[PDB]
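Written out below as structure tokens is the structure these notes cover.
Number of protein chains: 2
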Amino acid sequence: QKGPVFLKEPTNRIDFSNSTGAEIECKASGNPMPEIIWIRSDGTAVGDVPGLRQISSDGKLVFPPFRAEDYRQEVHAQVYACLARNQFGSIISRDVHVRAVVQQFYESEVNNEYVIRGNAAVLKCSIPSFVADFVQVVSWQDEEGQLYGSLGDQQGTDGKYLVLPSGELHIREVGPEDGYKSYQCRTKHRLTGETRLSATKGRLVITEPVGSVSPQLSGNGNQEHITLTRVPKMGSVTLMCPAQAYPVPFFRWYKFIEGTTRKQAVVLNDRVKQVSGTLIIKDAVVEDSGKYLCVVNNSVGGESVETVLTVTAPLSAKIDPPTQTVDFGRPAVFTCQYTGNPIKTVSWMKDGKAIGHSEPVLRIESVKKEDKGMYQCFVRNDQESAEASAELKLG
Amino acid sequence: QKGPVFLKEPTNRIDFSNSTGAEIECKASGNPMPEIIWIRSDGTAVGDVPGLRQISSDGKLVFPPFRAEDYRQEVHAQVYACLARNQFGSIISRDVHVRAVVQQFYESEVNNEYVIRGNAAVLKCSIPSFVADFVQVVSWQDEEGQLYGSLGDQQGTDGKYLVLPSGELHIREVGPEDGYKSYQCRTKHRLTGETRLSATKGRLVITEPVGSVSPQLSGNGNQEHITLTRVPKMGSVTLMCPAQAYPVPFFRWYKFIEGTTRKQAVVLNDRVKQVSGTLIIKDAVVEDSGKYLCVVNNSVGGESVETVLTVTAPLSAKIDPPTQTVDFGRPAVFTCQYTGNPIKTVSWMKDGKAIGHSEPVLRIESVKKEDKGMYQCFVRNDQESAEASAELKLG
Ligand SMILES: *[C@@H]1O[C@H](CO)[C@@H](O[C@@H]2O[C@H](CO)[C@@H](O[C@@H]3O[C@H](CO)[C@@H](O)[C@H](O)[C@@H]3O)[C@H](O)[C@H]2NC(C)=O)[C@H](O)[C@H]1NC(C)=O
Ligand SMILES: *[C@@H]1O[C@H](CO)[C@@H](O[C@@H]2O[C@H](CO)[C@@H](O[C@@H]3O[C@H](CO)[C@@H](O)[C@H](O)[C@@H]3O)[C@H](O)[C@H]2NC(C)=O)[C@H](O)[C@H]1NC(C)=O
Ligand SMILES: *[C@@H]1O[C@H](CO)[C@@H](O[C@@H]2O[C@H](CO)[C@@H](O[C@@H]3O[C@H](CO)[C@@H](O)[C@H](O)[C@@H]3O)[C@H](O)[C@H]2NC(C)=O)[C@H](O)[C@H]1NC(C)=O
Ligand SMILES: *[C@@H]1O[C@H](CO)[C@@H](O[C@@H]2O[C@H](CO)[C@@H](O)[C@H](O)[C@H]2NC(C)=O)[C@H](O)[C@H]1NC(C)=O
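Below is the structure:
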């Protein structure tokens, strides 16, 4: 009477510690009941490998916790998928990327940054890159023990000290006296739940402006940088415009637009704050996207720096009509609507096996016997993916 | 009988210390002898400020040495120009940027680097951004002083340790024994000729791989990194990308051809060498420009980071005919021929005064009274500019 459809799809990304283990649910409905088959990135199918992979009731695939000696790449680093099929057809769920991370020691360091008196200084906590995605900066702590980043999910921007949403610590108006203060960043492993203070203690090395200098970027000997950053909706972006000069310069921010060589000034309102040489955007919407330009000027000259912004939006899919009934030889239309950002590509599948059709909507001239089954619109960007399905019957 | 011309013109950038002082000289020929004035590109002419500037016996501009206190911004950091004048017309030299920097104290540091065993590690000597224009890495060395290598002195690419043109220290396939050793850099301020050792010592902190890891960037996110570099012709550039993973990934360097995104593989000849994940080009040329790419695939997955190179050639220009003799009413013009790279803009001037024409041909539909005089074609870009002079005479 009805084909298979996923009631609950597995999530895009599952990251878990060897100590933690993991569980992934897949359930689809229809009649007569669909099977539930776990499938690898390519094809074939999923077996149980005791102590590592098991399938429980409800059709849930579980990875129990394991000791480091038992780690296997083809198991733990693999990208999986769920398959549900009945007599009417088959449907594959969205791609499920599984990465297990065996618990290991690591140390976080806050290195010093060099700055001229006044202006603004910014200190970053240096986190090993390979662990970088599993660890986030929570707060910062000075010699007297003050927590600058520990209050609220949003920080007051009008004070001397501000902990940026990027985890980085921003300081307005560096004085000669504050150089005697040292700071430590606290990090927390999202899986283990362990918190640890930074190993080394960072400090500000302050150079006295005994002579004037143009704006100087972080690069050396003709080195510029274009930082392309992405942040999800409702989150908070931070745009960096690192510089040092004397006399202390002023930072004017601008925004390019689609296919333009020009720009316009940026709105400074309560939604989007600016602080010194750094711009913060709270409650990021999708329209905050597009090429941004920071320009630093003073009496002796000026320079600009480019940073581009793309706001991630959750992908989705809907096929219409969900269930279609068409005669023999008569065409039928499946249009796939979707919501999200960005979208790199869109695929199509018939009964679990993929077609080469790259367009959002697809057509069929004359309905034949082979044209009955389950179809799916696969929309995937580089970082994610999502899908829906539809049924077609003959009459 | 003849108009003004420069047989000697200053170089664009002149940098010097408070103790060193500096001189810049122009000279002019023609007939009768054109008078030589030193005028700010700001539009005003400068005279003799005692001890902080003056003019010597012949035509030249000299900045004497001075103690730190006597530093004045309006003199020591300024754009200047050289101007020749006679009854025929006027001409100006290229914009000369004079930058004086008083001797002061600074320190460099070598921060620790985090690396997965088997991967190549790159240690950086961190120097203040504002002294970056001057100081450059000379050599590295052991805890006891043993040199790992000296920058700019000869080479070889196949050894464990190699110091790159950028000044960084590269280590191939880091291992357990390396963790016990310290890496320590010496730098040289080229204006003061003084070399000092970094205040701190960097140490390699090695993590032992257990589970597999996709290729990881130096950024966490959400912030990948573009790098815009560039280098002088027949210099030595260095490309880069900071991949950290297990198992050790392989690096295939490609190059975006002109225009469209079509990729092309990079050749490794006796000149161009690739060690681990870092490409090098010795004796660079302008044709080496264009967007580059290094794709790092791994057993688990793959990722790509981009860099765009531009190699500069010295700027010059020549205007023909050197001197036109135009009859009354006939269109007569100078075309601007030149060589160099890059060129962002080109402008013109009528006997010292700016018009605002753009493309390098000036054509007027016919001559008049005022048209008689001097003309110049000024090619300009970020780092420098050059010029040429020409005349017409009504008849
Ligand atoms: C996930 O993997 C980690 C590996 O880092 C497991 O933690 C490790 O557990 C072993 C025990 O099997 C610890 O080794 C022990 O160390 C003590 C000295 O502290 C020694 O006396 C014992 O004989 C034994 O060798 C190891 O230190 C520990 N490492 C860390 C970083 O915690 C963890 O148990 C695994 N999760 C599981 C099995 O659920
Ligand atoms: C603040 O400083 C920036 C320097 O980064 C200034 O931007 C620069 O402005 C100059 C003119 O003021 C531009 O020069 C012009 O360029 C066009 C080509 O686009 C050329 O045809 C003109 O003849 C002229 O030379 C320069 O391109 C521009 N550079 C950048 C990177 O923006 C900015 O104007 C300064 N703002 C203020 C208010 O002074
Ligand atoms: C350019 O500026 C520098 C820095 O201001 C000048 O060098 C400095 O000279 C002073 C001497 O007036 C040095 O101070 C000290 O002198 C006492 C003796 O009274 C001595 O015991 C100390 O050991 C120290 O030398 C200062 O160290 C020195 N600093 C540097 C960086 O060189 C320099 O003289 C100026 N150039 C000219 C041409 O005057
Ligand atoms: C190396 O890594 C890349 C990822 O950057 C793999 O996938 C390519 O990804 C781009 C999108 O950035 C696609 O346009 C390409 O079509 C992908 N490659 C292919 C072959 O389809 C790439 O496949 C990896 N290569 C190897 C040999 O593993």
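In the order they appear, the protein sequences are chains E and S.
Using my numbering, read the first sequence as starting at -14 and increasing by one per residue.
Using my numbering, read the second sequence as starting at -14 and increasing by one per residue.
Here a beta-carbon is modelled for each residue, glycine too, at the ideal position from N, C-alpha and C.
- Across the set S:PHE51, S:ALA69, S:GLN(-14), S:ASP55, the C-alpha of S:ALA69 shows the shortest separation from the C-alpha of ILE24 of chain S.
- Using a Cβ distance threshold of 9 Å, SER75 of chain S and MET359 of chain S count as a contacting pair.
- In terms of Cβ geometry, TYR168 of chain S and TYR133 of chain S form a close pair [threshold 9 Å].
- In chain order, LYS(-13), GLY(-12), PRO(-11), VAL(-10), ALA69, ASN71, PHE73 place their CB closer than 8 Å to the CB of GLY15 of chain S, counting only its own chain and leaving out the 5 sequence neighbours on each side.
- In this structure, the C-beta of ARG157 of chain E stays at least 8 Å away from each heavy atom of ligand 3.
- Spatial neighbours of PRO150 of chain S in its own chain (CB-CB distance under 6 Å, excluding positions within 5 residues in sequence) are listed in chain order as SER221, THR223.
- Neighbours of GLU94 of chain S in chain E, taken as residues at a C-beta separation under 8 Å, are given in chain order as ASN96, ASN97.
- Non-local C-beta neighbours of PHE236 of chain E in its own chain, meaning closer than 7 Å and more than five positions away in sequence, comprise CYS226, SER261, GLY262, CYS279, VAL281, ordered along the chain.
- The continuous alpha helix (DSSP H) containing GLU59 of chain S extends over residues 58 to 61.
- Sequence-distant Cβ neighbours of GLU350 of chain S in its own chain, meaning closer than 8 Å and more than five residues away, are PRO316.
- Closest in alpha carbon position to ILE101 of chain E, among E:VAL233, E:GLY341, E:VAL352, is E:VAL233.
- Spatial neighbours of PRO306 of chain E in its own chain (CB-CB distance under 6 Å, excluding positions within 5 residues in sequence) are not present.
- Secondary structure of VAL251 of chain E (DSSP, three-state): coil.
- With respect to chain E, the C-beta atom of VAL352 of chain S has no partner C-beta closer than 9 Å.
- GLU344 of chain S is outside the set of residues whose beta carbon lies under 9 Å from a beta carbon in chain E.
- Only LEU202, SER203, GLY204, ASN205, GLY206, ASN207, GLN208, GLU209, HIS210, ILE211, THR212, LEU213, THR214, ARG215, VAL216 from the stretch 202 to 217 of chain E bring a Cβ to less than 8 Å from some Cβ of chain S.
- Counting the other Cβ atoms within 10 Å of the Cβ of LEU300 of chain S gives 16 or more, which makes it buried.
- Residues with their Cβ less than 6 Å from any non-hydrogen atom of ligand 1, running along the chain, are E:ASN3, E:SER4, E:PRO50, E:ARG52, E:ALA53, E:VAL87, E:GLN88, E:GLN89, E:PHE90.
- Selection S:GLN139, S:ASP255, S:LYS267, S:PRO50 evaluated against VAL86 of chain S yields S:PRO50 as nearest (Cα-Cα).
- Straight across, the Cα-Cα distance linking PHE1 of chain S with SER42 of chain S is about 22 Å.
- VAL95 of chain E and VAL120 of chain E have their C-alpha atoms roughly 15 Å apart.
- Rounded to the nearest angstrom, the gap between the Cα atoms of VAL257 of chain E and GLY244 of chain E is 24 Å.
- For the C-beta of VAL198 of chain S, the chain E residues within less than 9 Å are, from N- to C-terminus, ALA62, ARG84, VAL86, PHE115.
- Here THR320 of chain E is near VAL346 of chain E, since their CB atoms are less than 9 Å apart.
- Taking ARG188 of chain E as the centre and dropping the five residues before and after it, the same chain places the C-beta of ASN97, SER167 closer than 6 Å to its C-beta, in chain order.
- In summary, the residues of the stretch 271 to 284 of chain S whose CB is separated from some CB of chain E by less than 8 Å are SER284, in the order they occur in the chain.
- For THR5 of chain E, no Cβ of chain S is located within less than 9 Å of the residue's own Cβ.
- With its beta carbon at least 9 Å from every one in chain S, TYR168 of chain E lies outside the interface.
- A buried status is given to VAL81 of chain E, since no fewer than 16 other beta-carbon atoms sit within 10 Å of its beta-carbon.
- Using a 10 angstroms sphere on the CB of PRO17 of chain S, the tally of other CB atoms stays under 16, which defines it as exposed.
- Look at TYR65 of chain S: its C-beta is not under 9 Å from any C-beta on chain E.
- Under a 10 Å Cβ-count criterion, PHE313 of chain S is classified as exposed, with fewer than 16 other Cβ atoms of the shown protein chains found around its own Cβ.
- Listed in chain order, the non-local C-beta contacts of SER111 of chain E below 6 Å within the same chain comprise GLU94, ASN96, local neighbours out to five positions each way being set aside.
- For the stretch 123 to 208 of chain E, there is no continuous alpha helix (DSSP H) assignment of 4+ residues that stays within its boundaries.
- Three or more beta-carbon pairs separated by less than 8 Å are not found between the stretch 202 to 214 of chain E and the stretch 177 to 194 of chain E, which leaves the two stretches without contact.
- DSSP places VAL83 of chain E within a strand segment (E or B) once states are collapsed to three.
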